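Written below as structure tokens is the structure these notes are about.
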Amino acid sequence: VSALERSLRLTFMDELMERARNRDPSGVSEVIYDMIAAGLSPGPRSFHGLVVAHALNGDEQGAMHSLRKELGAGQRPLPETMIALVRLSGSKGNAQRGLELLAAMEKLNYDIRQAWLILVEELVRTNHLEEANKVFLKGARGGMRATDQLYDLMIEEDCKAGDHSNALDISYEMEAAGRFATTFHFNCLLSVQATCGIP
Amino acid sequence: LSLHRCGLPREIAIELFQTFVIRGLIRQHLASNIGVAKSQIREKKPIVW
Amino acid sequence: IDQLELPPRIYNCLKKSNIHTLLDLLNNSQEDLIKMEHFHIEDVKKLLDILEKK
Amino acid sequence: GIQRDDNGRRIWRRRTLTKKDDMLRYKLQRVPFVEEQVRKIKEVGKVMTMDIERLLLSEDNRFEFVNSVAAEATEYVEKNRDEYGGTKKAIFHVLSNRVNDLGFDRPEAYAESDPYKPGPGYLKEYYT
Amino acid sequence: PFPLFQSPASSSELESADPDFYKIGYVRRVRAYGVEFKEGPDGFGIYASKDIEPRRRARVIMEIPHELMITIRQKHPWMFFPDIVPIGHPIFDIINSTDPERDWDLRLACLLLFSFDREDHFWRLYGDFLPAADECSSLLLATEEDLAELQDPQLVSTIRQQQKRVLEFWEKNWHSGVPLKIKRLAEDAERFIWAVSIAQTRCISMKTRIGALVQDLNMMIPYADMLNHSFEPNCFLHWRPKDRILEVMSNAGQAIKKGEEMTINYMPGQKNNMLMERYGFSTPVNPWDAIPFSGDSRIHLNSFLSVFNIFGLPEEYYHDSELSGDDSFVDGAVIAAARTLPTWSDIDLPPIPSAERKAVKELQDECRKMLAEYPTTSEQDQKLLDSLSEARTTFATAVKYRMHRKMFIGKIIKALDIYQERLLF
Amino acid sequence: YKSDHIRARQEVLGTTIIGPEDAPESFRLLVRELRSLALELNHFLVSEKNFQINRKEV
Ligand SMILES: Nc1ncnc2c1ncn2[C@@H]1O[C@H](CSCC[C@H](N)C(=O)O)[C@@H](O)[C@H]1O
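Residue numbers (the entry's author numbering), protein chains in the order written: chain F, 63 to 261; chain D, 390 to 438; chain A, 274 to 327; chain R, 35 to 162; chain L, 55 to 63, 70 to 485; chain C, 1010 to 1028, 1034 to 1072.
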């Protein structure tokens, strides 16, 4: 590797991040274009700035377009890019897109669990509780253990929404995951059972 | 006999394990179907025991 | 091992160890031969080259 | 602590039992005449009996253990219908696997053949 | 290819242990499966006698009956299981006159000395395989010469604080007026120091169910303390309550190759100073060692985590081997850097490589200062150890502790170096 | 099915030849006898998931 070769990457990537952090994917498209003109092949982190530019503005279609271009070039995407993709999908509640990306990470042999937590949290954050149940349970049946906060957050939201059927199933998964339901978890379940009319 | 074993006669064992013997005959292709096996059991072939 | 032109001491030790066939001799190891009573390290060397000629 | 000789190699005190253990000389012997017992135990099937208890030793509730065994046995037969009908039993295969999971060695499903069976039509009459 | 034609007939520092060592336990229903005990200049150790093919669940490695152990409750009242102290014995008054939370080691030392005096107790035989006062690596036995060389005012102050506490406890409870049955336990002050050193360096706290009772016991399990420490253990300790057997079980689905050492984590996550204070040893690959740092400069740890294939939450930081391919550099040492280094992160904000490059050298500009603070270098200390041929083992550990800390600073200097250049790609 | 239970015993041979959820006939017969005495014996399964009460037909 030439000494000035890394300098050219530094100069290019010192500027791409500015466009990446200023939320303008259009400007980033030329930076990689002149980077192709520069002669050196694109890198996984080169698309990272392109991906986040779409993610910051909320270009879910643009984020996928940047992803396949990274795939089209033929290098493994960075996990940070993958994590940003599922988080963007969770922000818009696109459950089908989120699970498809998570399957790619497992096919890419990455840590799906940490990204799986963020996607579930985002759906709860965006009040997509029903979709969050689908994502959380499917990961729960797999064997991965969620965080203590996620179990508390997910159960409480379901009981507030009258979703005791999903909350109880989630609570059972938590028990099998190695965490036992404390008084807090039972209190959430009782908030719904007390209204069923059967003491 | 051992403490955990019991001896069953052939005519009593075959009555109790009627279904399982038929399954074994079908599984190992000795009997094509249930009807052949039941007739074969009544024939008391050496394979049945 | 009778047909193998072994030294008389080598032959007697193998027979004492209930080793009669060439196949039985091959299935043993050099360590399995050293542990025999009247068998030494130099003997397993001369035993091998006899088999090598065959 | 660290001690080395001229050659640079490390010399350490070989920790050895200074005193004498009475039970050491009273327990290393093995009985020589249990060949017929060990063969009978394997043929009868008592070897699984010890294994069944051994699994229960690490278990918390024996009713959960049998439910887990039954659940896993049902899973085995669903995958391979045409395997657990005769000499191999679904439940015995589970027990043999669970012992092998602990790191020990057992024959698959504790199945044993009759090496001295003369002919296909000859079935071993039991001396009652 | 016949066995006769094939002629099969390193690691010289490790020799097979005395056969009596396993035999005296074997007669007491102690079984070790697929492993053997080897000893060397460092000490004992358990090494696999064969390849451990992984199974669906954890594989049993060792079994220790309860009656061979010395156990005392962590919480008052102090009840001893496999009860060895007779009712009315004066040694109980010494034990009962201890700090409920600070003197756990002292209460085990009294039992340890008491067990050696008992003729029928198993530990009077197993005590011969314990390291002597000079062989033990506990810092509690170290003098000022080793403590001064340790180069850690905080750690030295703690060690010297413990020495006063232990020595004064012996003075109070082993005066001239004690009964002979108590006096013979600790004829001199030095022996009690060794007893506390063994208790600190070999206690294994664990919640065990004995019959219908569940409690936390400061246990003294034999043959299980011999397992060395590693923050990525290949086996763990499991208590089987039905037969009161402590099972050593290898991690489920993990293969152990021939000759590989079996290790357990003494503590879940701790720094090397804690390990030196408790066990008197340090590991350069500790994923919990920290270092004070100014908060002015920080980097994007997410980029730092990914470039070394580190995933999971900070509570579960770990490195992926197959993703990195070989990556001989990455170990547990760099994982600690992911925690102790000042870092910044937003939802998805990408970092500025130039700003980080502006800061990586600035970060490394500070990193050269701590190494300059210690007069010796990392290679200077290990070179001295090879040249050294007559010194206490605590001196070597004190050398190792500062060497590991210096390398931990040296490791992160290289870690930031590779991270800085790899950020461009 | 190893008793007076027509539905289960009908296919229990065939499950063991190739390789419940309903009340037994005795209980169903018991209901009719109580049903003949102007007594309505009802078996409900209140669900533990969503508290959905369903009447098990007897
Ligand atoms: N991972 C490790 N690295 C270095 N020393 C270790 C170690 N694990 C244990 N030790 C040593 O063992 C002591 C704890 S007791 C463990 C038994 C000891 N290894 C023996 O051979 O008898 C520590 O004080 C240290 O001296």
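For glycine and all other residues, C-beta sits at the position ideal for the given N, C-alpha and C.
Determine the direct distance from the alpha carbon of A:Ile314 to that of L:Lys110, and round the result to whole angstroms.
-> Here the question's residue 110 of chain L lines up with position 50 in the fifth sequence. Here the question's residue 314 of chain A lines up with position 41 in the third sequence. The alpha-carbon atoms of L:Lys110 and A:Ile314 are separated by roughly 29 angstroms.
Just to check, is the beta-carbon of R:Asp148 closer than 7 angstroms to a non-hydrogen atom of ligand 2?
-> No copy of ligand 2 occurs in the structure displayed; its ligands are ligand 1 alone.
Counting Cβ pairs, one atom from each stretch, are 3 or more of them under 8 angstroms apart for the region 246-256 of chain F and the region 405-418 of chain D?
-> Contact fails between the region 246-256 of chain F and the region 405-418 of chain D, because fewer than three Cβ pairs, one in each stretch, are under 8 angstroms apart.
Do the region 161-179 of chain F and the region 140-149 of chain F make contact, defined as three or more Cβ pairs closer than 8 angstroms?
-> These segments touch.
Is the closest heavy atom of ligand 1 to the C-beta of L:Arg262 under 7 angstroms?
-> Position 202 of the fifth sequence, counted from the start, is the residue given in the question as residue 262 of chain L. True, at least one ligand heavy atom lies under 7 angstroms from that Cβ.
Simplified DSSP state of L:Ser76, which is helix, strand or coil = Taking the fifth sequence and counting its residues from 1, the one referred to as residue 76 of chain L is at position 16. If DSSP states are grouped into helix, strand and coil, L:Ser76 belongs with the strands.
CB of L:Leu277 within 8 angstroms of CB of L:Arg133, strictly | Within the fifth sequence, residue 277 of chain L is the residue found at index 217, counting from 1. Within the fifth sequence, residue 133 of chain L is the residue found at index 73, counting from 1. Taking 8 angstroms as the cut-off, the beta carbon of L:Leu277 is found closer than this to the beta carbon of L:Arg133.
Provide the residue span of the alpha helix (DSSP H) that contains R:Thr108, from first to last.
-> By 1-based counting over the fourth sequence, the position of residue 108 of chain R is 74. Counting along the chain, the alpha helix (DSSP H) containing R:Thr108 begins and ends at 96-113.
Just to check, is the beta-carbon of L:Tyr339 closer than 7 angstroms to a non-hydrogen atom of ligand 1?
-> Residue 339 of chain L sits at position 279 when you count from the first residue of the fifth sequence. For L:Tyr339, the distance from the CB to the nearest heavy atom of ligand 1 is below 7 angstroms.
Over what stretch of residues does the beta strand (DSSP E) that includes L:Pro125 continue unbroken?
-> Reading the fifth sequence from its first residue, position 65 is the one you call residue 125 of chain L. 119-125 is the extent of the beta strand (DSSP E) around L:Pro125.
Taking only beta-carbon atoms, is R:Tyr161 less than 8 angstroms away from chain D?
-> Here residue 161 of chain R corresponds to residue number 127 of the fourth sequence, with the count starting at 1. Answer no: the Cβ-Cβ gap between R:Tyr161 and chain D never drops below 8 angstroms.
Start and end of the alpha helix (DSSP H) containing C:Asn1068?
-> As a working note, residue 1068 of chain C is residue 54 in the sixth sequence. Per DSSP, C:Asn1068 belongs to no alpha helix (DSSP H); it is in the beta strand (DSSP E), 1067-1070.
Taking C-alpha atoms, which residue in L:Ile316, L:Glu307, L:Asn233 lies nearest to L:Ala92?
-> Indexing the fifth sequence from 1 puts residue 92 of chain L at position 32. Distance check between L:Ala92 and each of L:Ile316, L:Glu307, L:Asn233 places L:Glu307 closest, using alpha-carbon atoms only.
Name the DSSP bridge partner or partners of L:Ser265?
-> In the fifth sequence, the residue the question calls residue 265 of chain L occupies position 205. L:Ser265 pairs with L:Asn278.
Close Cβ partners of L:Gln214 (< 8 angstroms) along its chain, the five nearest in sequence each way excluded = Here the question's residue 214 of chain L lines up with position 154 in the fifth sequence. Apart from the 5 residues on each side of it in sequence, L:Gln214 sits with its Cβ closer than 8 angstroms to the Cβ of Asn333 in its chain, given in chain order.
From the beta carbon of L:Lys243, is the nearest beta carbon of chain R less than 8 angstroms away?
-> Here residue 243 of chain L refers to the residue found at position 183 of the fifth sequence. By this cut-off, L:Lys243 is not an interface position.
For chain L, find out if any of its Cβ atoms is closer than 8 angstroms to the Cβ of F:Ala117; answer yes or no.
-> Position 55 of the first sequence, counted from the first residue, corresponds to residue 117 of chain F. The C-beta of F:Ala117 comes closer than 8 angstroms to at least one C-beta of chain L.
Candidates L:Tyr82, L:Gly470, L:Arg220, of which the one nearest L:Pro282 by Cα | Taking the fifth sequence and counting its residues from 1, one reaches residue 282 of chain L at position 222. Nearest to L:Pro282 by C-alpha distance, out of L:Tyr82, L:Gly470, L:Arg220, is L:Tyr82.
Hey, does residue 1032 of chain C have any beta-carbon neighbour from chain F nearer than 8 angstroms?
-> Inspection of chain C shows residue 1028 followed directly by residue 1034; residue 1032 of chain C is thus not represented.
Decide if the region 390-402 of chain L is in contact with the region 345-357 of chain L; the criterion is three or more beta carbon pairs, one per stretch, under 8 angstroms apart.
-> Yes, they touch.
Under the assumption that F:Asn156 contacts F:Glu122 (Cβ atoms under 8 angstroms), give the Cβ distance between them as a whole number of angstroms.
-> The count along the first sequence starts at 1 and reaches residue 156 of chain F at position 94. The count along the first sequence starts at 1 and reaches residue 122 of chain F at position 60. So it is a contact: roughly 7 angstroms between Cβ atoms.
Considering only C-alpha positions, which residue in the set F:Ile232, F:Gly134, F:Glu219 is nearest to F:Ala202?
-> Working through the first sequence from its first residue, we reach residue 202 of chain F at position 140. If you compare the alpha carbons of F:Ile232, F:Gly134, F:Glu219 with that of F:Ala202, the shortest gap goes to F:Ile232.
Please list the partners that D:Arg412 has in chain C, where partner means a Cβ-to-Cβ separation under 8 angstroms.
-> Position 23 of the second sequence holds residue 412 of chain D. Listed by position along chain C, the residues whose Cβ is nearer than 8 angstroms to that of D:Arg412 are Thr1025, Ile1026, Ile1027, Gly1028.
Under 7 angstroms Cβ to Cβ from C:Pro1034, same chain only, skipping five residues before and after it: list those, please.
-> Translated into positions along the sixth sequence, residue 1034 of chain C becomes position 20. Counting only Cβ-Cβ distances below 7 angstroms, and skipping sequence neighbours, we find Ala1017.
Residues of chain L with CB under 7 angstroms from A:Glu304, in chain order?
-> To locate residue 304 of chain A, count along the third sequence from 1; it is residue 31. Within 7 angstroms of the CB of A:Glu304, the CB atoms of chain L belong to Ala63, in sequence order along the chain.
Should L:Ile84 be flagged as near chain R, meaning a C-beta pair shorter than 8 angstroms?
-> Here residue 84 of chain L refers to the residue found at position 24 of the fifth sequence. With respect to chain R, the C-beta atom of L:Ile84 has a partner C-beta closer than 8 angstroms.
Within 8 angstroms of chain R by C-beta, residues of the region 450-469 of chain L in sequence order | If the cut-off is 8 angstroms between Cβ atoms, the region 450-469 of chain L has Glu450, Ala451, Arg452, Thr453, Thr454, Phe455, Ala456 near chain R.
Compute the minimum distance between the beta carbon of L:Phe104 and the heavy atoms of ligand 1, and state whether it is under 7 angstroms.
-> To locate residue 104 of chain L, count along the fifth sequence from 1; it is residue 44. Answer for L:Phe104: yes, Cβ within range of ligand 1.
C:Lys1063 CB to nearest chain F CB: under 8 angstroms?
-> Along the sixth sequence, read from residue 1 onward, the residue named residue 1063 of chain C stands at position 49. True, the Cβ-Cβ gap to chain F drops below 8 angstroms.
Taking DSSP as the reference, what is the three-state secondary structure of F:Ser253?
-> Working through the first sequence from its first residue, we reach residue 253 of chain F at position 191. Of the three classes helix, strand and coil, the one that applies to F:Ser253 here is helix, per DSSP.
How about L:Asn362: is its C-beta nearer than 8 angstroms to some C-beta of chain F?
-> What you label residue 362 of chain L is simply residue 302 of the fifth sequence in a count that begins at 1. Chain F contact via Cβ: present.
Are at least three pairs of beta-carbons, each pair with one atom in the region 402-413 of chain L and one in the region 99-119 of chain F, less than 8 angstroms apart?
-> At 8 angstroms Cβ cutoff, the stretches touch.
Of the residues L:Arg304, L:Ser342, L:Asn369, L:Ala419, which one's Cα is nearest the Cα of L:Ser357?
-> Along the fifth sequence, one-based indexing puts residue 357 of chain L at 297. Of the listed residues, the one whose Cα sits closest to L:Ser357 is L:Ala419.
What residue does the beta strand (DSSP E) around L:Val95 start on, and which one ends it?
-> Looking up residue 95 of chain L in the fifth sequence gives position 35. Here the beta strand (DSSP E) through L:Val95 covers 95-99.
Any chance the CB of L:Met122 is under 7 angstroms from a heavy atom of ligand 1?
-> Position 62 of the fifth sequence, counted from the first residue, corresponds to residue 122 of chain L. Checking the Cβ of L:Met122 against ligand 1 gives no.
Report yes if the CB atom of R:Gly153 is closer than 8 angstroms to the CB atom of D:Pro435, and no otherwise.
-> Counting from one through the fourth sequence, the residue named residue 153 of chain R turns up at place 119. Counting from one through the second sequence, the residue named residue 435 of chain D turns up at place 46. No; because the gap between Cβ atoms is not below 8 angstroms, this pair is not in contact.
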